[PDB]
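Comments concern the structure below.
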Amino acid sequence: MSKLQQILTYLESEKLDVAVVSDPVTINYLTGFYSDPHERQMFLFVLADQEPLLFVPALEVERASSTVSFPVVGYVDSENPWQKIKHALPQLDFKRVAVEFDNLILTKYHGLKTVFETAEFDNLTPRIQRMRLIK
Amino acid sequence: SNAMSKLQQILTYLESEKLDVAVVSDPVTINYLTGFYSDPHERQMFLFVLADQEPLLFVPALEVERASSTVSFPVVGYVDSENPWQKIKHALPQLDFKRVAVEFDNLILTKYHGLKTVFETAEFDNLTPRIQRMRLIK
Amino acid sequence: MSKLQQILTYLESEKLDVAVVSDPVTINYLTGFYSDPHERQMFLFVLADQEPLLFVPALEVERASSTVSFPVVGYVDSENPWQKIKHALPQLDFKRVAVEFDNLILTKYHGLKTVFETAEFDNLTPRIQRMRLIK
Amino acid sequence: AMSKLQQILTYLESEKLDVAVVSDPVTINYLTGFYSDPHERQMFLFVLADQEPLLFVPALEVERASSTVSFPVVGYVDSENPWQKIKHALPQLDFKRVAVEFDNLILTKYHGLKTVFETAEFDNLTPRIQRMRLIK
């Protein structure tokens with residue numbers, strides 16, 4: 001059972017529509033792709049029903065696509081990343097989203113609130129901390 | 001964690017050494033990089049880590065099911081009546097392979113001459129020291 | 001590692017052919033040369049494999065030349081500055097250029113698109129903001 | 001105001017050395033302005049007594065080295081034996097006395113160089129370079 005597969009079972013039990021992973025250390029733990037995007041946006045979206053989506057700066061798309069097997073979407077500096085995420089994700093009613101409270105900065109939290117306009121936000125961090133206990 | 005994965009470290013290495021692909025032939029190294037272990041005895045098995053797309057694991061037909069549930073990137077198998085070199089060449093992207101790395105401490109001459117039909121005009125560099133370096137981060 | 005050197009390292013990591021600095025405050029930060037050109041064109045070009053080029057109005061060439069040690073090119077009002085910049089720079093295939101998104105106005109951006117006709121344009125501002133964190 | 005490489009030549013004369021072998025990439029870059037980390041591959045700068053130096057590098061570095069320095073660069077690929085290639089690239093002299101950097105040269109490379117200079121005695125080059133760094 002993949003780590004990503006365990007996230008899926010978690011979404012099913014907590015009635016989450018998506019988990020949004022923002023910390024490059026957690027992204028690498030779950031997918032095997034590591035990058036430090038500095039000021040640019042990068043997120044992994046684990047969605048309840050379909051394949052995940054890794055969203056990265058355009059300069060990382062080829063390396064990320066070679067590293068993972070599910071879809072990767074990039075954005076260049078002149079594109080607006082929040083709109084690009086919103087169009088790349090499935091067009092669902094996202095009522096409940098989990099994010100990493102111990103990593104997510106407020107600039108990103110406000111940006112995700114333009115993607116998920118009426119969601120409540122739960123904390124994903126303790127679930128990933130519990131997952132690391134089992135090697 | 002903050003440790004670069006082994007596959008991504010080989011991708012990074014392919015770019016800085018200007019390599020088009022690394023060919024891993026040692027079942028021990030393949031298991032180290034992917035967690036898939038098989039002793040193919042006389043049959044062909046290679047992991048091809050390509051510079052710019054996901055890797056290809058190539059195995060005897062009997063290992064395809066176990067290999068495909070172990071790794072998430074493509075697995076191609078071959079049966080005894082198929083010629084493995086032609087099958088690898090058709091399964092790989094049709095690129096111009098100018099530079100290839102292989103494990104000098106493992107690859108026997110019959111496999112080296114087989115890979116020379118797959119990569120007909122490549123130079124061959126040695127991948128072994130890079131993988132020995134990778135094991136120094138434990 | 002001088003500031004211009006740090007920009008050089010940055011250009012290699014981000015696969016940029018040149019960084020174009022347009023803000024007089026940033027150019028003074030990087031070089032020690034301060035001028036307000038008003039409506040006239042001034043740019044510092046940091047190139048990946050040679051020394052930088054400071055491009056200024058003709059009246060500033062003397063003071064610029066005696067403030068920095070790399071090449072300074074001037075232009076007078078009757079010269080077209082876009083053409084003169086294009087001739088003064090090396091004759092490379094500029095594929096990727098970085099410019100300061102927070103400073104660069106659209107009339108300058110359009111003229112730089114005449115200098116670099118097929119480049120894609122990345123944002124240099126966050127890199128310079130990161131650099132100022134370290135005294 | 002003689003160049004660093006010229007100071008090495010004077011040194012080989014006063015010490016009765018046939019050649020100074022520089023193995024530390026930081027020292028090679030100090031003397032020539034060429035920096036490369038070769039990891040496990042061989043790279044040496046050979047400062048010869050009567051003759052221009054020879055920079056020996058992995059094949060991938062030959063182009064960048066060749067445009068950094070103006071004396072001869074020789075590369076080797078992974079399937080060539082670097083010790084045989086060095087020995088054929090150097091002048092066919094009787095190397096009786098050779099200097100190497102005691103503080104950098106690992107035993108694998110010392111044994112390799114002993115195939116190249118089969119009857120030399122080896123002196124320590126490191127203190128001489130440390131003395132050169134004292135002068136701006």
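Letters for chains follow the order of the structure tokens (A, B, ...), residue numbers begin at 1 for each chain, and ligand numbers begin at 1 in the order shown.
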
Residues of chain A were defined as contacting chain C if any atom lay at most 12 Å from it, counting only C-alpha atoms; please report them as JSON, numbers by chain.
{"A": [37, 38, 39, 40, 57, 58, 59, 60, 75, 76, 77, 78, 79]}

Preceding selection exported with N, CA and C atoms as a short mmCIF file (atom, residue, chain, number, x, y, z; two decimals), in the first residue's frame:
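Everything below was put into again-v9.cif:
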```cif
data_model
loop_
_atom_site.label_atom_id
_atom_site.label_comp_id
_atom_site.auth_asym_id
_atom_site.auth_seq_id
_atom_site.Cartn_x
_atom_site.Cartn_y
_atom_site.Cartn_z
N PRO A 37 11.02 25.26 -4.09
CA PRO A 37 10.59 26.19 -5.11
C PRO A 37 10.87 27.69 -4.73
N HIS A 38 11.45 27.93 -3.56
CA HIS A 38 11.71 29.28 -3.02
C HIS A 38 10.44 30.05 -3.00
N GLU A 39 10.31 31.13 -3.78
CA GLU A 39 9.07 31.95 -3.70
C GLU A 39 7.98 31.40 -4.59
N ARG A 40 8.27 30.49 -5.51
CA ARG A 40 7.21 30.02 -6.43
C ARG A 40 6.28 29.02 -5.79
N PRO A 57 6.39 24.91 -10.47
CA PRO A 57 6.83 25.95 -11.43
C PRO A 57 7.20 25.24 -12.77
N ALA A 58 7.03 25.97 -13.88
CA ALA A 58 7.26 25.37 -15.18
C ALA A 58 8.66 24.77 -15.33
N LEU A 59 9.69 25.40 -14.79
CA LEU A 59 11.06 24.88 -14.91
C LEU A 59 11.19 23.44 -14.30
N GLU A 60 10.32 23.06 -13.39
CA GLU A 60 10.36 21.69 -12.76
C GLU A 60 9.50 20.65 -13.47
N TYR A 75 3.47 26.15 -14.20
CA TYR A 75 3.01 27.49 -14.52
C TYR A 75 4.22 28.36 -14.69
N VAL A 76 4.21 29.32 -15.67
CA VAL A 76 5.36 30.24 -15.77
C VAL A 76 5.10 31.43 -14.94
N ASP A 77 6.14 32.24 -14.75
CA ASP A 77 6.05 33.36 -13.81
C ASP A 77 4.99 34.40 -14.25
N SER A 78 4.68 34.47 -15.53
CA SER A 78 3.67 35.45 -15.86
C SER A 78 2.22 34.91 -15.69
N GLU A 79 2.03 33.62 -15.35
CA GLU A 79 0.67 33.09 -15.18
C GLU A 79 0.26 33.19 -13.74
#
```

From stretch 22-124 of chain B, collect each residue whose DSSP state is strand (DSSP E) and return the set as a PyMOL selection string.
chain B and resi 22-24+46-50+56-60+75-78+99-102+123-124

From a DSSP pass on the backbone, collect the residues of chain D flagged as helix (DSSP H, G or I) and hand them back as a ChimeraX atom specification.
/D:4-15,25-32,59-68,82-89,107-116,126-132

Which neighbours of stretch 17-19 of chain A fall inside 9 Å, counting only C-alpha atoms, when residues of the same chain fewer than 4 positions from it are skipped, and could you give them as a ChimeraX atom specification?
/A:7-8,11-12,44-49,92-100,124

Could you write those residues out with N, CA and C atoms, as a PDB file, in the first residue's frame?
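Final file, again_11.pdb:
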```
ATOM      1  N   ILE A   7      -3.089   8.081   2.107  1.00  0.00           N
ATOM      2  CA  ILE A   7      -3.817   9.343   2.118  1.00  0.00           C
ATOM      3  C   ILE A   7      -5.268   9.190   1.607  1.00  0.00           C
ATOM      4  N   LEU A   8      -5.464   8.463   0.482  1.00  0.00           N
ATOM      5  CA  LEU A   8      -6.830   8.220  -0.063  1.00  0.00           C
ATOM      6  C   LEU A   8      -7.786   7.605   0.907  1.00  0.00           C
ATOM      7  N   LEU A  11      -8.753  10.304   3.364  1.00  0.00           N
ATOM      8  CA  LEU A  11      -9.756  11.267   2.895  1.00  0.00           C
ATOM      9  C   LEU A  11     -11.170  10.664   3.046  1.00  0.00           C
ATOM     10  N   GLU A  12     -11.278   9.375   2.738  1.00  0.00           N
ATOM     11  CA  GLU A  12     -12.563   8.638   2.787  1.00  0.00           C
ATOM     12  C   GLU A  12     -13.024   8.658   4.255  1.00  0.00           C
ATOM     13  N   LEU A  44       1.084  19.417  -3.894  1.00  0.00           N
ATOM     14  CA  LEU A  44       0.528  18.160  -4.336  1.00  0.00           C
ATOM     15  C   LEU A  44      -0.918  18.083  -3.898  1.00  0.00           C
ATOM     16  N   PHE A  45      -1.835  17.739  -4.798  1.00  0.00           N
ATOM     17  CA  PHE A  45      -3.229  17.636  -4.444  1.00  0.00           C
ATOM     18  C   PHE A  45      -3.602  16.163  -4.479  1.00  0.00           C
ATOM     19  N   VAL A  46      -4.018  15.621  -3.324  1.00  0.00           N
ATOM     20  CA  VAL A  46      -4.437  14.234  -3.321  1.00  0.00           C
ATOM     21  C   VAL A  46      -5.926  14.323  -3.294  1.00  0.00           C
ATOM     22  N   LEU A  47      -6.576  13.807  -4.330  1.00  0.00           N
ATOM     23  CA  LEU A  47      -8.025  13.968  -4.504  1.00  0.00           C
ATOM     24  C   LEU A  47      -8.741  12.647  -4.216  1.00  0.00           C
ATOM     25  N   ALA A  48      -9.914  12.742  -3.608  1.00  0.00           N
ATOM     26  CA  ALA A  48     -10.664  11.571  -3.139  1.00  0.00           C
ATOM     27  C   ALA A  48     -10.903  10.620  -4.269  1.00  0.00           C
ATOM     28  N   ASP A  49     -11.263  11.088  -5.425  1.00  0.00           N
ATOM     29  CA  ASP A  49     -11.609  10.012  -6.348  1.00  0.00           C
ATOM     30  C   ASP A  49     -10.725   9.630  -7.457  1.00  0.00           C
ATOM     31  N   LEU A  92     -15.134  20.257  -8.889  1.00  0.00           N
ATOM     32  CA  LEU A  92     -16.031  19.697  -7.849  1.00  0.00           C
ATOM     33  C   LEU A  92     -16.467  20.775  -6.892  1.00  0.00           C
ATOM     34  N   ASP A  93     -17.445  20.479  -6.058  1.00  0.00           N
ATOM     35  CA  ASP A  93     -17.767  21.269  -4.892  1.00  0.00           C
ATOM     36  C   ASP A  93     -16.812  20.830  -3.720  1.00  0.00           C
ATOM     37  N   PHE A  94     -15.730  21.573  -3.482  1.00  0.00           N
ATOM     38  CA  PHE A  94     -14.762  21.134  -2.453  1.00  0.00           C
ATOM     39  C   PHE A  94     -15.284  21.680  -1.130  1.00  0.00           C
ATOM     40  N   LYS A  95     -15.968  20.844  -0.346  1.00  0.00           N
ATOM     41  CA  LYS A  95     -16.519  21.300   0.929  1.00  0.00           C
ATOM     42  C   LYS A  95     -15.497  21.223   2.061  1.00  0.00           C
ATOM     43  N   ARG A  96     -14.579  20.245   1.975  1.00  0.00           N
ATOM     44  CA  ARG A  96     -13.629  20.014   3.073  1.00  0.00           C
ATOM     45  C   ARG A  96     -12.243  19.714   2.516  1.00  0.00           C
ATOM     46  N   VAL A  97     -11.259  20.497   2.923  1.00  0.00           N
ATOM     47  CA  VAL A  97      -9.909  20.376   2.404  1.00  0.00           C
ATOM     48  C   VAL A  97      -8.981  20.234   3.610  1.00  0.00           C
ATOM     49  N   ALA A  98      -7.887  19.475   3.486  1.00  0.00           N
ATOM     50  CA  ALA A  98      -6.932  19.443   4.576  1.00  0.00           C
ATOM     51  C   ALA A  98      -5.654  20.071   4.080  1.00  0.00           C
ATOM     52  N   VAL A  99      -5.046  20.876   4.934  1.00  0.00           N
ATOM     53  CA  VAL A  99      -3.786  21.488   4.603  1.00  0.00           C
ATOM     54  C   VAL A  99      -2.826  21.298   5.776  1.00  0.00           C
ATOM     55  N   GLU A 100      -1.522  21.474   5.524  1.00  0.00           N
ATOM     56  CA  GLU A 100      -0.537  21.324   6.601  1.00  0.00           C
ATOM     57  C   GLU A 100      -0.432  22.569   7.434  1.00  0.00           C
ATOM     58  N   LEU A 124      -3.798  18.591   8.108  1.00  0.00           N
ATOM     59  CA  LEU A 124      -3.244  17.336   7.638  1.00  0.00           C
ATOM     60  C   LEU A 124      -1.965  16.960   8.409  1.00  0.00           C
TER      61      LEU A 124
END
```

Compile the contact shell of residue C:82 as a ChimeraX atom specification: residues with an atom at most 7 Å away, counting only C-alpha atoms, same-chain residues fewer than 6 positions apart removed.
/C:111,114-115

Output C-alpha atoms for every residue in the selection just made, as a short mmCIF file (atom, residue, chain, number, x, y, z; two decimals), in the first residue's frame.
```cif
data_model
loop_
_atom_site.label_atom_id
_atom_site.label_comp_id
_atom_site.auth_asym_id
_atom_site.auth_seq_id
_atom_site.Cartn_x
_atom_site.Cartn_y
_atom_site.Cartn_z
CA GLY C 111 11.29 47.46 -26.06
CA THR C 114 12.55 43.90 -29.61
CA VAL C 115 15.99 43.17 -28.17
#
```

Could you tell me how far atom CA of residue B:30 sits from atom CA of residue B:135, in Å to one decimal place?
13.1 Å

Give me, as a count of residues only, all polymer residues having an atom no more than 12 Å from residue B:64, counting only C-alpha atoms and skipping those fewer than 6 positions away in the same chain.
15

From the set D:129, D:93, D:5, D:59, which residue has the shortest atom-to-atom contact distance to chain B, counting only C-alpha atoms?
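Of the candidates, the smallest distance to chain B is held by D:59.
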
For chain B, which residues have at least one atom within 7 Å of chain A, if we go by only C-alpha atoms? Write them as a ChimeraX atom specification, please.
/B:1-2,4-5,8,52-54,72-73

Give me, as a PyMOL selection string, the contact residues of chain D against chain B at a cut-off of 10 Å, counting only C-alpha atoms.
chain D and resi 39-41+60+77-79

I'd like the interatomic distance between atom CA of residue B:121 and atom CA of residue D:64, to a tenth of an Å.
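These two atoms are separated by 24.1 Å.
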
Would you pick out the contacts of residue D:87 at 12 Å or less, using only C-alpha atoms, so that residues sharing its chain but fewer than 5 positions from it are not included, and give the list as a ChimeraX atom specification?
/D:46,54,56,74,81-82,92-95,112-118

Could you write out the selected residues, including C-alpha atoms, as a PDB file, in the first residue's frame?
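Below is the file that was written, result-v4.pdb:
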```pdb
ATOM      1  CA  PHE D  46      51.839  18.051 -14.529  1.00  0.00           C
ATOM      2  CA  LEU D  54      50.046  19.230 -19.277  1.00  0.00           C
ATOM      3  CA  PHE D  56      45.066  15.736 -17.790  1.00  0.00           C
ATOM      4  CA  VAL D  74      44.606  15.577 -22.702  1.00  0.00           C
ATOM      5  CA  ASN D  81      43.239   3.312 -18.667  1.00  0.00           C
ATOM      6  CA  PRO D  82      44.208   6.754 -17.306  1.00  0.00           C
ATOM      7  CA  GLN D  92      59.379  10.074 -22.542  1.00  0.00           C
ATOM      8  CA  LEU D  93      61.935  11.342 -19.961  1.00  0.00           C
ATOM      9  CA  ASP D  94      63.758   9.524 -17.205  1.00  0.00           C
ATOM     10  CA  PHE D  95      61.675  10.782 -14.259  1.00  0.00           C
ATOM     11  CA  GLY D 112      48.654   4.727 -10.196  1.00  0.00           C
ATOM     12  CA  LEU D 113      51.433   7.336 -10.491  1.00  0.00           C
ATOM     13  CA  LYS D 114      54.019   4.725  -9.590  1.00  0.00           C
ATOM     14  CA  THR D 115      53.004   2.932 -12.818  1.00  0.00           C
ATOM     15  CA  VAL D 116      53.633   6.153 -14.665  1.00  0.00           C
ATOM     16  CA  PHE D 117      56.996   6.970 -12.902  1.00  0.00           C
ATOM     17  CA  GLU D 118      58.303   3.512 -12.180  1.00  0.00           C
TER      18      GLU D 118
END
```

Compile the contact shell of residue A:43 as a PyMOL selection string: residues with an atom at most 6 Å away, counting only C-alpha atoms, same-chain residues fewer than 4 positions apart removed.
chain A and resi 21-22+55

Could those residues be written to a file, using N, CA and C atoms, as a short mmCIF file (atom, residue, chain, number, x, y, z; two decimals), in the first residue's frame?
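What follows is the written file selection31.cif:
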```
data_model
loop_
_atom_site.label_atom_id
_atom_site.label_comp_id
_atom_site.auth_asym_id
_atom_site.auth_seq_id
_atom_site.Cartn_x
_atom_site.Cartn_y
_atom_site.Cartn_z
N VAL A 21 -0.93 19.33 -0.06
CA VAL A 21 0.39 19.21 0.55
C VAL A 21 1.26 20.31 0.03
N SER A 22 1.77 21.16 0.93
CA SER A 22 2.53 22.37 0.51
C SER A 22 3.99 22.24 0.90
N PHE A 55 1.52 20.09 -8.80
CA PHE A 55 1.50 21.41 -9.48
C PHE A 55 2.82 22.08 -9.15
#
```

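Among B:47, B:92, B:20, B:34, the residue with the shortest atom-to-atom distance to residue B:122, counting only C-alpha atoms, is B:20.
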
Figure out the distance between atom CA of residue D:30 and atom CA of residue D:42, please, to one decimal in Å.
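Separating atom CA of residue D:42 from atom CA of residue D:30 is a distance of 18.1 Å.
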